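Working notes, beginning with the structure itself.
Backbone-built Cβ (ideal geometry, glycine too); neighbour counts: all protein chains shown. Any read-out appearing in this document is the output of simple, stated calculations on the displayed coordinates, not a laboratory observation.
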Amino acid sequence: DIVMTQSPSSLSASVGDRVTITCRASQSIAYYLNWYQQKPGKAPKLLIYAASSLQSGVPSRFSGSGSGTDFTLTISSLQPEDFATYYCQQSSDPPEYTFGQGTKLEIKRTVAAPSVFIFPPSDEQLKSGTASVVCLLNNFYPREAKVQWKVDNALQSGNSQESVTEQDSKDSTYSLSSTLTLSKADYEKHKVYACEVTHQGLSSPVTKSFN
Amino acid sequence: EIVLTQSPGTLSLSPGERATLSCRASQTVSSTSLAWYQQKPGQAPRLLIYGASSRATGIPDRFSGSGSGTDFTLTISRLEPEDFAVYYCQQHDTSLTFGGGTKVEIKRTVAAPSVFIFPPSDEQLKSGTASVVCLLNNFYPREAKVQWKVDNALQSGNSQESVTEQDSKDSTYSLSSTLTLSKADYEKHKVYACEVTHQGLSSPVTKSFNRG
Amino acid sequence: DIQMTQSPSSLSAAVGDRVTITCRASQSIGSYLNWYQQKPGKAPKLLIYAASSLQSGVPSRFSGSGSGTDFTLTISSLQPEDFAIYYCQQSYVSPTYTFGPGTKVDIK
Amino acid sequence: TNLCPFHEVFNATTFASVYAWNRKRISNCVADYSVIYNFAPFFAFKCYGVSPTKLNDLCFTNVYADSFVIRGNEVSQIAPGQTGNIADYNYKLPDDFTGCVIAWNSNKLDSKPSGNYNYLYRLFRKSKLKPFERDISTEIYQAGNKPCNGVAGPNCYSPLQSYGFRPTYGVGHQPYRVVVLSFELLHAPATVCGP
Amino acid sequence: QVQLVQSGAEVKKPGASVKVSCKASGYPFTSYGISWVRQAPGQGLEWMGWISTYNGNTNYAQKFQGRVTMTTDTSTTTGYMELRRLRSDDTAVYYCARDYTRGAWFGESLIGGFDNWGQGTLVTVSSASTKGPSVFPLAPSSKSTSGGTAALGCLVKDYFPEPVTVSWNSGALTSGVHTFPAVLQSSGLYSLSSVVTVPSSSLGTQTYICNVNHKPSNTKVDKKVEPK
Amino acid sequence: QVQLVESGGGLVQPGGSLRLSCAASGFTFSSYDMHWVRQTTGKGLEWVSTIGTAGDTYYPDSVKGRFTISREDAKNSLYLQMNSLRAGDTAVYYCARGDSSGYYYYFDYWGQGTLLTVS
Amino acid sequence: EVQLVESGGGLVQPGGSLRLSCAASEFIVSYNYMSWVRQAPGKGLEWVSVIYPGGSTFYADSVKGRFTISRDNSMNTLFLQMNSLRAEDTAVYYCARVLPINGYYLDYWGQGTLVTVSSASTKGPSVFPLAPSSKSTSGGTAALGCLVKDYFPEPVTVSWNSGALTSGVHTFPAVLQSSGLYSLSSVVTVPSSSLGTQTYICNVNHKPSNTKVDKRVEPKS
Ligand SMILES: *[C@@H]1O[C@H](CO[C@@H]2O[C@@H](C)[C@@H](O)[C@@H](O)[C@@H]2O)[C@@H](O[C@@H]2O[C@H](CO)[C@@H](O)[C@H](O)[C@H]2NC(C)=O)[C@H](O)[C@H]1NC(C)=O
């Protein structure tokens, strides 16, 4: 029934700043809204209930307000321990309750130029019959980056999987790896391999090749 | 107990205008325990509004009510000639009490009274009592003051006055006052006068008469 | 509302056999159950009311039994004029009366 | 020749809370249900075991009337074989119930701009209520291993909560006035009959 | 078609008691209670009490806690009110109303008011005997001028029971007639005056008589007024 | 005998209005209740309206505020006024007579049926 | 201190059955509202079931008719019986206490247990060396790495030179493949001058499969 929409899905801020998270509702839900804090690998922790009441043991810098269909959550002074995902929950109907999609809060950093590298498939297990070329992106901020595979001057689809690591504590930078799936017979057919990367820190897309 | 105050006591409005009446309570009264009543002259009261927002049986759409807590209002959108009466509010949230009552009058242009005087009749003087009547004919404004001047000295505490209702045609009033004296002090004095002060009079008009 | 289910969805029987239809409710309803028969392109006809009472004019072949959430309609002998669709209806909750999906009896 | 006092149940100024639901007894009168028919379109009017149209043609020994105020999205729990906070802790109807349930919105009467805290409901109990059972106790509810001796605190809660009706709420959180009529027939002679 | 009919006017003496009736027709009598309200002359409504026609439960006002008793008779569909220890300040018009404020069966508040009213019964408490009007004439002044219109009238003095009817020439002069409300003097008797305006020239060519009909004393008096 | 005959079905554009009628014979009309029941292949039989003998009308929470049922005892006729016709109103409509034996209620007589096509 | 401890997670075949437990201290489960919440990997939170103090039970539509919630008063434990498990019922399951005092909110959560519903079997890792470009680079040579593939359970720990190196080890999270077996990658950066001297290796450990393969990730020319 009731659908809760949060905004934004991702927010970046510095230590000492002020943040605001909004949780819209499809219908009017009075003041029955709750805020939770979840850190990676751990259970969510309650922060605010009834849209304004602060849970015992929660620092005074957390505050909430709103009624009807618009609600907000505010952190007066940001601290390093406050970087987590935040969920809003509605309890207008007692038995069934629903959550929002979440809002992941991350640290603020200056723009860093990405480094791109590629690795040819190894022959030591090419006898298996599966060739996987890996394209590497290292130490880039922010997270948004468009990567497109180009083989034999053509764009492929539905054959790549990407993995992104969590933000490093020391440098606050990410790292991305993309792998292209192909068979043995299709591997030797061509020798043009391009990994195209579109990013804010790059004026023009940069590709690297091997054969 | 809860005491209801209605303001103002009188509400002079022209026909066709809108009317606003106020009923205020010393404590909080539930919206389901307030009512309004209408009483035309020489008739029994009738119910208008119950529950502060609901009209009774056979009540036109002109009358409406709204309010909550300790402030309530009755609204008449158009003032027909049969809507000029006295209105009351009552509650039964705690015991049962009535309000003071608000009177709705007809507004017209200011008119000036026509002051008269009448000497005591000869037949009455035979009995031993004297009556002097100072009639004030058709005027609009109810507020009028009448003072008796005997010889050169005023008199107080020996008179009583009566007023009529608004006439249907001219929407004016008429006032009378009676001076009560015995024959012992009737012949003692010589000059009798009736002082009249009114808004529509430029100066106090005082007709007078003397014995003989 | 109350949801009514019937089983089997389709039944194939020959003349003279004994057939049984079942009706199930999502909530206890006592004996407040009715049975109807509808031939193709015609109006429904009442067979059983109060889950055990035979309507006047209905042949004695039809019988009804049950209480609570399980009900049964039984035809002792299947004459050729008994191939139709059978509906069960609940009368415990009013005015919103609900019908069952229906069970169709064919001929083999 | 006495006429039943149906208008006193429906047109009453004050309605009771859910956990004290104000049963009344009606007997030795002629019951005219035309007043219930003519009332404005109700948010709910459902009868169980008796057709609404077949009233005025039935005789009963006693007729009970229970009235209380609940919120909008709890009306569906006033029905036989239902489960919920109201059905388990406040008001329970039997599975073989015979009667009718009437509910209508009362936002203009039981709502205040600041908030009406005069209506309460129970939100904690050790076991579910039997049909037609009341519980007006206000003892502190224990949810832990340590007793509290009548003092509120951690794992010790008051068993009652207020509604706080406000005029700006949606239909699902607005006040509703509910009247449930229970028809009882026994071996005794009938006392309540229609015209 | 709901109607309530009360008894007639009564005149009592201090220390006595009066019983007022109220008969209702057109509705189920036992489904509603009856409330009593009185209105002093030139004053506002004040509540007296309430009675249930189903079980006889009563609820009085604190001002009348020990003086008023209310009864109902279901056979004749009539309600009664009795006020003992009559005082000089109990002169008022007493009203009877069908009630929609308290329930007759259970005794709890309802949403409504007093939906139907009676016509009213006037009770007069005074220490005086029936008397007749001592009618006196008021004559126009000699200076019949300033617009050619003058005012003349007759004075009614020292009468008991309230109703007195004053007519001029048995209906010949119906326009320009002002009859003032009665005023209670310090001697216990009422007084009244009625004045009319006629053209000054009409004084010579017309004759005006003043008619008084005091029904309780049957002292019908007709008198004429002429210029002094 | 007891017979019920319908009339008034046909094609109507979406968002329009149509009136259905059903004339009774063989029984005292004013002493019985009357109902309308629709049947579509998607959902089977469904009840849509009911009128009593004391001016009482009942509707389900699927068409309430759109349909209106009426009774004319003098002419032995039953009517169903339909407004704001969606595409889901296409079905076959019967007029049925209500009766009871104790506290148990049932439909004992049905009409031939009329077809309403909203498309 | 309010504590909730959960146990019973495991791997099941599609169509199988499983039973979860959640033991409580400092409060009694039969006197409190209790609920189960699941969170699919990489997705948001979702409600499953809730039980009332008197014994009432409620279920979500996705799990209605297949799951069953109950409790034992003697052991002070809460159970979740799962039947007819599908591939979509894979998540981390939590037991929480619900306080209705001022709205409905969840105040205490357990650590959670993981339930995996899949048809595969406990295979083993396969490591393919990530050969560098074998060409001179002006900057640091960041090409060494190992590629793990086709292994169902993923408590895998890829370490370099017995964990001696503490910088440059970037182990990306495992990514599920269409075949139904997990895959993982690793990478590191080293100075171009010391390519020959370092001679890094990959230590791949798979406890459910008991594998300690090392492919030596020798740069191919
Ligand atoms: C609850 O009361 C309403 C209104 O009652 C009217 O106002 C009262 C102050 C009093 O004067 C009553 O006699 C009035 O009838 C009832 O609604 C009325 O019902 C009658 C009979 O069905 C109908 O003729 C009127 O049109 C209705 N008026 C309105 C405004 O709805 C209502 O029936 C009462 N409730 C019950 C259960 O009887």
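Hey, what D do you get for the range B:114-210 in µm²/s if you plug the Kirkwood alpha-carbon radius into Stokes-Einstein at 37 °C and 0.692 mPa s?
Value of D from the Cα-based Kirkwood radius: 230 µm²/s.
Just for the Cα atoms in the range D:92-195, what are the lengths along the principal axes, largest first, rounded to whole Å?
Rounded to whole Å, the extents work out to 58, 39, 19 Å.
Please report the orientation-averaged projected area of chain F, defined via the convex hull of its C-alpha atoms, in nm².
Here the figure is 7.6 nm², rounded to one decimal.
Taking the Cβ of each residue in D:29, A:135, E:96, D:148 as the centre, tally the other Cβ atoms inside 10 Å and list the residues starting with the fewest.
By the 10 Å Cβ count, ascending: D:148, D:29, A:135, E:96.
Considering the Cα trace of the range G:107-221, what is its radius of gyration and what is Dmax, both in angstroms?
For the range G:107-221, the Cα radius of gyration and maximum Cα-Cα distance read 16.7, 60 Å.
On a C-alpha basis, how far is the centre of the range B:15-66 from the centre of the range G:102-176 in Å? Whole number, if you could?
So the two Cα centres are separated by 80 Å.
Using Cα-only point scatterers and the Debye equation, what is log10 of I(q)/I(0) for the range F:42-87 at each q in 0.15, 0.31, 0.33 Å⁻¹, rounded to two decimals?
Rounded to two decimals, the profile gives -0.45, -1.25, -1.31.
Run the quick spin-label model on residue G:75 and residue G:7: label points 7 Å from Cα toward the beta carbon, then report their separation in nm to one decimal.
Modelled inter-label distance: 0.9 nm.
In peptide D:107-114, what is the residue-averaged number of other protein chain Cβ atoms found within 10 Å of each Cβ?
Taking all residues of D:107-114 together, the mean is 3.
Within the set of other residues whose C-beta is less than 14 Å from the C-beta of residue F:60, count the net charge using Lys and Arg as +1 and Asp and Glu as -1. All intermediate terms of the calculation are to be shown ahead of the outcome.
On the way: positive: D:46, F:38, F:43, F:64, F:66; negative: C:1, F:46, F:61, F:89.
Summing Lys and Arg as +1 and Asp and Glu as -1 gives +1.
Where the eigenvalues come from the Cα gyration tensor of chain D, what are the semi-axes √(5λ) of the equivalent ellipsoid, largest first, in whole Å?
Semi-axis lengths for chain D are 33, 21, 14 Å.
For a protection proxy built on the mean count of beta-carbon atoms within 10 angstrom, sort A:170-181, G:152-163, A:150-161 highest first, please.
On the way: A:170-181: 17.8, G:152-163: 14.8, A:150-161: 12.1.
Going by the mean number of other Cβ atoms within 10 Å, highest first, we get A:170-181, G:152-163, A:150-161.
Residue by residue through the range A:41-54, what is 3J(HN,Hα) from phi via Karplus (6.51 cos²θ - 1.76 cosθ + 1.60, θ = phi - 60°)? Round to whole Hz and write x for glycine and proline.
x, 10, 5, x, 10, 5, 10, 10, 10, 6, 6, 9, 7, 9
For chain B, which span is the longest to avoid every loop-located (per DSSP) member of trypsin sites (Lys or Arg not before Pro) having at most 15 other Cβ atoms inside 10 Å?
On the way: sites that count: B:18, B:62, B:78, B:107, B:108, B:142, B:169, B:188, B:190, B:211.
It runs B:19-61.
Test of the criteria: in the range G:62-122, which trypsin sites (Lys or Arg not before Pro) are in a DSSP loop and have at most 11 other Cβ atoms within 10 angstrom of their Cβ?
G:64
Across the residues of D:46-59, average count of Cβ atoms on other protein chains within 10 Å?
Average neighbour count from other chains, rounded to a whole number: 6.
Rg/Rh for the range D:62-137 to two decimals, with Rh computed the Kirkwood way over all alpha-carbon pairs.
With Rg and the Kirkwood Rh in hand, the quotient comes to 0.97.
Toward the positive end of the charge dipole of chain A, about the Cα centre and with charges on Cβ (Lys, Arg +1; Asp, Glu -1), which of A:113, A:36, A:85 goes farthest?
My answer, from the dipole projection, is A:113.
Report, please, the projected area of chain B averaged over directions, based on the convex hull of its C-alpha atoms, in nm².
Convex hull of Cα atoms, orientation-averaged projection: 15.8 nm².
To the nearest µm²/s, what D does Stokes-Einstein give for the protein assembly as shown at 20 °C and 1.002 mPa s, using the Kirkwood radius over alpha carbon pairs as Rh?
Values: Rh = 40.8 Å.
In µm²/s, the coefficient rounds to 52.
With viscosity set to 0.890 mPa s at 25 °C, what whole-number translational diffusion coefficient in µm²/s follows for the range C:8-96 from Stokes-Einstein and a Kirkwood radius over Cα pairs?
The calculation lands on 181 µm²/s.
Could you work out the Kirkwood radius for chain G, taking every pair of different alpha carbons, averaging 1/r and inverting it, reported in Å?
Taking the inverse mean of 1/r over all distinct Cα pairs, chain G comes out at 20.6 Å.
Suppose every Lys and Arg Cβ carries +1 and every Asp and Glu Cβ carries -1, with no other charges. What dipole size does chain C come out with about its Cα centre, to the nearest 20 debye?
160 debye
Divide the volume of the convex hull of the Cα atoms of the range A:67-118 by its number of residues and quote the answer in cubic angstrom per residue.
187 Å³
How many Cβ atoms of partner chains, on average, are near each residue of D:74-86 if near means within 10 Å of its Cβ? Numbers along the way, then the final one.
Values: counts 1, 0, 0, 0, 0, 2, 5, 5, 1, 7, 5, 7, 1.
Per-residue shielding by partner chains comes out at 3.
How long are the three semi-axes of the equivalent ellipsoid for the range B:92-135, computed from the Cα gyration tensor as the root of 5 times each eigenvalue, in whole Å, largest first?
Details: eigenvalues 384, 113, 5 Å².
Equivalent ellipsoid semi-axes, largest first: 44, 24, 5 Å.
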